[PDB]
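The block underneath contains the structure these notes are about, expressed in structure tokens.
There are 2 protein chains.
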Amino acid sequence: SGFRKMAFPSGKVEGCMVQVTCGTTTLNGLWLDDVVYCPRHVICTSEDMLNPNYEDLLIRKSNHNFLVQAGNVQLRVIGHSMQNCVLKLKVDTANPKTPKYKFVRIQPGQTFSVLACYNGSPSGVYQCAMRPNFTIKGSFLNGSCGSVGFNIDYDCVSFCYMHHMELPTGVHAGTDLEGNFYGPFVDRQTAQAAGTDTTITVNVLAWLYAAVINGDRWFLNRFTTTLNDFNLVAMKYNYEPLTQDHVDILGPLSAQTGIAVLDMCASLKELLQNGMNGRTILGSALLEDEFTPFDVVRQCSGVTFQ
Amino acid sequence: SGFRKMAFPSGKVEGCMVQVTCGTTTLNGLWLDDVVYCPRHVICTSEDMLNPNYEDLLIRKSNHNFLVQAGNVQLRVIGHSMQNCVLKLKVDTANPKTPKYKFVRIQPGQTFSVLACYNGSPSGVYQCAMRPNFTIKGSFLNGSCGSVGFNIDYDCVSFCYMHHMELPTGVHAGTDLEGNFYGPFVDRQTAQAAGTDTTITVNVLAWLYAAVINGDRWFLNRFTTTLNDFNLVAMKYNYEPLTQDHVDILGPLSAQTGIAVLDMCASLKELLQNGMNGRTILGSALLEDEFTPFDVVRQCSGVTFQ
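Residue numbers (UniProt numbering), protein chains in the order written: chain F, 3264 to 3569; chain E, 3264 to 3569.
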């Protein structure tokens, strides 16, 4: 028992991190087969950042302008192309550590692990959620661009995030691995700002089931609620609407705990309305929304990978 | 910016995990050079667990009783020995993925990453602290024994924990990698129970500095306190005493933020006495004590490893 924010093992992704240098800008790239993926703003100059035309900037580049280093071993760039906001540097060497992988564009509310890197070297690993406003509440400093977010499914790394920029509230914006930003953001160093964020209701409910599985039950009650009446309360508290599909996703957890989804909704309703009264759930004094139903099942049943 | 519970990259340790089977018991081992380290209770039978004599049980074993598997590749045991509560199985093959490593026995309050494993395969990675009562608040299920906790220092993995057992409160007990339990616990399946736990004060203060570095300042005040007067309040709240050595450890963070250690103590004092009044710090509604001063500096300056 116990319940932690658990990241995926990072070894498969560590073997892919490289350093990409263009001009005075250094950041991280993802080396898979004979391609290195990195943010296209690597080709920006410290004065191009206000409104760059990346097509111009890129056509002005030569392969030898890109310094790619994998450890100490330097990688020859033999070609380059732009795909949306990611740069794809073809190198003359296939990464022998390339895992089975996919690129996936995730939905808001989905979670992933971030391998934070500087100069192509990992600093640490942590779990994140794509917020409903399409930011992530990461831990990123200058030089972390090109760090990636990912999930693992048995043997396959699904890359879903590459880091590009930090917004004025200290939250983070980035793209999928095909270079499409999550949310309305653009790789221009002008004012943008996240939209209003909301709490991921289906994830809060999953975490309440995690709590029950682990022996916290103090927040349960005999009440129930209709989904309609639950969403009236959730809306009032900037929680995301709960859908019938969410209810269905919560089925396995509901069956394992014997607590109907809609009954757990009535517990969450009372928690929203009365607070927690000095009590904690799974070591938190807030309602946690960065565990999906899937995250709860993995951690509480011991699913492994390789 | 941002601040997360960040684990060390786990790749160096993943390359060391194996599966050890003895009888009907399967658990994880740590394969370093030509030795596999695992909990000695692997040799226990489901009826020996109440008060086993491990010297007897072990002398009754043969090398071929130990089934060690590294992936699909099976490892021949060519020898075995007991060191305190760990079993050391000599195998005929040196792990080619062996990292630079050390074994370290940590002090309470120190943090480490746990690579949770089942059947020799990693399930996930998370950050932990050795509690003052020498338990860890882990996330461990049956089969996770032999999972290890570790820190990384540039290129060197310092292993500090191996998992053995779960206590009735859902917290976890284990040994260093030389088999010495942390705390008073023994590998006997009889009632034991953790002692009363306390909050790691020096770590709370480090996390308050993390908050300042990241732009949370609402909890600061113009007050100061003496170390004596601070510990009078801390004692009242089952916080650990703050030592002058703790104050000294907090020096770099104090210098970076311009907030004298003893002034941050006065902020913590008011937080203990008034609570947080619906406010959060670094996304928590509780005072967090599982970041060391060192953890804060690493994460807020971008220290990497390899």
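Beta carbons are placed, not taken as given, at the ideal position from N, Cα and C, and that holds for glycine.
Query                                                                                                                              : Result
Span of the beta strand (DSSP E) around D3416/F                                                                                    : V3411 to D3416
Strand pairing of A3333/E, partner residues [DSSP]                                                                                 : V3336/E
Where the alpha helix (DSSP H) containing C3528/E begins and where it ends                                                         : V3524 to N3537
Among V3377/F, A3469/F and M3498/F, the one whose alpha carbon lies nearest that of residue 3570/F                                 : Any question about residue 3570/F goes unanswered here, given that chain F covers just 3264 to 3569.
For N3494/F, the first and last residue of its enclosing alpha helix (DSSP H)                                                      : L3490 to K3499
Proximity of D3450/F and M3428/F at Cβ, strictly below 8 Å                                                                         : yes
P3385/E, enclosing beta strand (DSSP E) - first and last residue                                                                   : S3384 to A3392
Touching by the beta-carbon criterion (3+ pairs, under 8 Å), the segment 3413-3423 of chain F and the segment 3541-3550 of chain F : no
Cβ shell of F3568/E (< 8 Å), same chain only, five flanking positions each side left out                                           : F3271, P3272, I3415, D3416, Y3417 and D3418
Candidates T3453/E, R3480/E and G3458/E: closest to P3315/E by CA position                                                         : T3453/E
Whole-angstrom distance between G3538/E and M3527/E, CA atom to CA atom                                                            : 15 Å
DSSP state of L3350/E mapped onto helix, strand, coil                                                                              : strand
Simplified DSSP state of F3557/F, which is helix, strand or coil                                                                   : helix
7 Å Cβ cut-off: residues of chain F touching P3385/E                                                                               : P3272, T3567 and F3568
Helix, strand or coil at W3294/F [DSSP, three-state]                                                                               : strand
Anticipated Cβ contact below 8 Å, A3469/F with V3566/F, distance rounded                                                           : The pair is not a contact, with the Cβ atoms about 15 Å apart (cut-off 8 Å).
Enclosing alpha helix (DSSP H) for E3277/F [first to last residue]                                                                 : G3274 to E3277
Bridge partners - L3550/F, DSSP secondary structure assignment                                                                     : BP columns for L3550/F are empty, so no partner.
Cutoff 7 Å; reference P3371/E; Cβ partners in own chain excluding five residues on either side                                     : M3393, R3394, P3395 and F3397
Pair within 8 Å by beta-carbon distance, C3348/F and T3438/F                                                                       : yes
Cβ-based burial, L3513/E [other Cβ within 10 Å; buried from 16]                                                                    : buried
DSSP-derived helix/strand/coil call for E3503/E                                                                                    : coil
Neighbour flag for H3427/F against chain E, beta carbons, 8 Å                                                                      : no
CA-to-CA distance, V3420/F to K3363/F, given in whole angstroms                                                                    : 6 Å
Distance CB(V3299/F)-CB(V3354/F) smaller than 8 Å                                                                                  : yes
According to DSSP, residues forming a beta bridge with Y3445/E                                                                     : Answer by DSSP bridge pairing: none, since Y3445/E is not bridged.
Sufficient close CB pairs (3 or more, under 8 Å) joining the segment 3498-3507 of chain E to the segment 3291-3305 of chain E      : no
Assumed close pair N3382/E, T3308/E - CB separation to whole angstroms, cut-off 8 Å                                                : Their Cβ separation, rounded to whole angstroms, is 20 Å, which puts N3382/E and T3308/E out of contact at 8 Å.
Contacts of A3548/E in chain F (Cβ-Cβ under 7 Å)                                                                                   : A3548 and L3549
Coarse secondary structure for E3429/E, derived from DSSP in three states                                                          : strand
Residues from the segment 3360-3386 of chain F in contact with chain E, defined by Cβ distance under 9 Å                           : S3376, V3377, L3378, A3379, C3380, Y3381, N3382, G3383, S3384, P3385 and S3386
Alpha-carbon spacing of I3322/E relative to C3391/E, whole angstroms                                                               : 36 Å
Residues of the segment 3499-3531 of chain F whose Cβ lies closer than 7 Å to any Cβ of chain E, in chain order                    : none
Listed by chain order, chain F residues near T3487/E by CB distance under 7 Å                                                      : Result: empty, since nearest Cβ-Cβ is about 28 Å, beyond 7 Å.
Endpoints, the beta strand (DSSP E) within which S3376/F is located                                                                : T3374 to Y3381
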